[PDB]
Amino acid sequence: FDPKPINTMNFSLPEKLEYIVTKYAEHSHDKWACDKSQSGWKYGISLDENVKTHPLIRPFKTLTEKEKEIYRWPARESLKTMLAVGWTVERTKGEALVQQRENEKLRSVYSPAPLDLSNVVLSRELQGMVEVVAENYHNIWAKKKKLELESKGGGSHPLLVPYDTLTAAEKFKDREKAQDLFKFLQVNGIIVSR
């Protein structure tokens, strides 16, 4: 097994797609914070497990640039991957929706409640594309593990095997990461096609 990640060198996102990256970053953050809140955590100045306070339970706009970038980075690289493997990533003539959603969020008459992507449909085409992206995430991890093992004088790891040989539970996080992004694109005015 010799995993080869899709190489993104020399691809750059246009500004319109970088903007979608930032929207998805905010989505990922609100998702994280919503889940944390449900688990019994709340904002505090200090992180304290005993009282369940976490300073990151606050609006995305109030995160540091570095804290924002932590959420942007994987989405940016995922979109570059789509371009590198040869797919088209373009705006649909959904052109008003992102702005309408932002205006609605701001209308008054921090409690995160991000889009529920369980209600978003993926064509059979897009489901096949999900699998390509999920396999690539596995290959990135696997190449990292192979190099790590080689740095240690060799050795084995049970998950250093092709994606298709993994169990469903073993594929789940990579599949979820791929599915979530495609579903977000679907309802943020972006179409990815072969």
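The first residue of the shown sequence is 1; numbering continues from there.
Where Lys93 is followed by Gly94 in the displayed chain, the model omits 1 to 3 of the deposited residues that sit between the two. Taking only CA atoms, the mean B-factor in the PDB entry is higher for 112-120 than for the other of 112-120 and 77-85. When the two stretches 158-166 and 137-145 are set side by side, the higher mean Cα temperature factor goes to 158-166. Ranking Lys152, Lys61, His29, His54 by Cα temperature factor from the entry places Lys152 first.
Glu65: CA B factor in the middle third of modelled residues in this chain (values from the PDB entry).
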